[PDB]
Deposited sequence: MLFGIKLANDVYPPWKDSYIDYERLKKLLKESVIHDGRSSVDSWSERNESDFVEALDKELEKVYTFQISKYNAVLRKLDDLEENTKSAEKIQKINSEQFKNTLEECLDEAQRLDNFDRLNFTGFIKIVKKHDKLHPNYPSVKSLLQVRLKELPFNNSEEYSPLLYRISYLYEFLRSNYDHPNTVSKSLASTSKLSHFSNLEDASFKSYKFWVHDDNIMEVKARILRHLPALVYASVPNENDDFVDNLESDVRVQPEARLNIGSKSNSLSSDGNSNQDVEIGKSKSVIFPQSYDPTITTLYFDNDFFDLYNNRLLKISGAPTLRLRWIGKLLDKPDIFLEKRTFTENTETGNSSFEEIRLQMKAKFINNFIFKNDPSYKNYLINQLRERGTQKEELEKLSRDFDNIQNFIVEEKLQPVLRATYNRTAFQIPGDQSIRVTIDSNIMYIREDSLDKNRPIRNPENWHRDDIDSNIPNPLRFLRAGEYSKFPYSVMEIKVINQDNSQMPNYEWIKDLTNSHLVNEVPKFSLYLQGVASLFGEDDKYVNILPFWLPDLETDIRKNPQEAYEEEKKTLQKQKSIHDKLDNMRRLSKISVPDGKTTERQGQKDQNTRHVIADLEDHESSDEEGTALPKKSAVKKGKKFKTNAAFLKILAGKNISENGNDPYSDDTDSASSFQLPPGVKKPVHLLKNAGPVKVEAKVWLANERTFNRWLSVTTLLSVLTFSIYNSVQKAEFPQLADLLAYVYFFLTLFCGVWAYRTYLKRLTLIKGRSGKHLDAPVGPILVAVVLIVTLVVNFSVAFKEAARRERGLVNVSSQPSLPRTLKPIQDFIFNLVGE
């Protein structure tokens, strides 16, 4: 409903006067004159500004003085129950019933105070933003709200109030040792999750001037993850030698009453969120993932658990899937995966996930609301789920809803905005003022897992980096909640509750090292005192490859030497033919040996040139030339055999019809003469 109606219907009857006067302030702002236009003649004068500042000042004074008085009253009652505790003596004088009733009254008062603070803060922020939107010439009035907020005894954040922790551990000691029975109360058990005895996430804002230093501090301990795309159909090559950041877009879902945002902001266990996620441009056909994420807490330790259901979508089937409740996509995908060869269990799980998400969308009447784009950087050791760090940068929010029934920003029958995803090189120029927002900082998340009951992680460099001038801790920060607050936070129709971190966005979040050191000292002292008190009252009171070139040269030299020897033998035989016993035979050996020396020279030169060609560059299967070494040897064999045969064939004809041979050698010749054939 409207913020005025919610304010009227949530006023505590005993506390009618202490609440904000929203309607009076809106009327004093002359928002009707801005609304209507015709009679805009009466402008904003200085007397009107003085009156508005006056009314706002007394409204803030009344509201925050009442809040401080109530907070001071409750803490003190709880200090009393604390007296009957310290003394290991006033312990035996205690009574269960009065203490239990006092604790119940304290819990009720704390809850009422929390609701009161939430309502009043929402009203004040809405009024201040409404005033700042109009009349830009005059100075802003946010300083009054900042000064009033800074005066609070506690810190304005989404963390649990200190009274809750105090009541929780008081109840834990009351139940532990004094009287296990006679407790009865079960509402007080819901605070048992806060009792000091896993998966813990810390969220921080980082200025652009400090990103490199925190990145170095992280990189000292954890690696960097580089995104690599899986090979696709466009990465096919023909023949190569051996060993030859994207922008993330998430579109969020919610209904007209913003139920999911309201439940998430109220820390209701089991509150889910639904989104579509992809990377790059939508015209490149990327993978689209529909995620439903839930945080649920079922344990007395207080440790939460996170559940995610993820489906892969096709761009054509989304419209029918999320609007017309068409079950075509489920059957189509199940049949496709069954044909591909997926087992039965995965198919059962996929069917269950389809049913769950479709039923959720149909029942809650969810629809796209806003789009967030950012860049992500991650740090984690592979195969080690103990610690993870992530950083998001360049965050931008764009309205992608269809709430206006006369000029919808996005068509009610389309799952995404049409103008943004066009083929124009720069579509973001089309956007008008008020339809988009830019987050100025970077968002860092640190996830630490301590599965064993190790009494919180409490690890070294994380706590060193947390208490430093480089980061600004914002507990329970969320990108979806910040986007809803930024885009739809100025309209009373849609948003009736706002997060407590909104005022801190305007201030400069940079810190000096000296102030950071002082704050670190104070925080460490407070933690040490709390731990010492807990330990005190817990158990103590308990009941050019030149070598180939050289080798080629040496081989050529050896070939030349063989040629020289053959030529010498050839000419020695040739130039002495007249003295030969068979001059008709010595004229053939010289010819064949001259042919051999010519062939050896020619082959040596040709093989040298060919192998030099092969050596230059890099080619050729093998460096060899066996033809010449075989032919030379074969011809030498033939020549020697022919010479022997002819000599001993003619040695018989000359001794027929013509002493010289010894008697002992007479038979031997008769063998060869028989072998030759006489």
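Numbered from the first deposited residue, the unresolved ranges run 198 to 203, 251 to 292, 592 to 694, 810 to 815.
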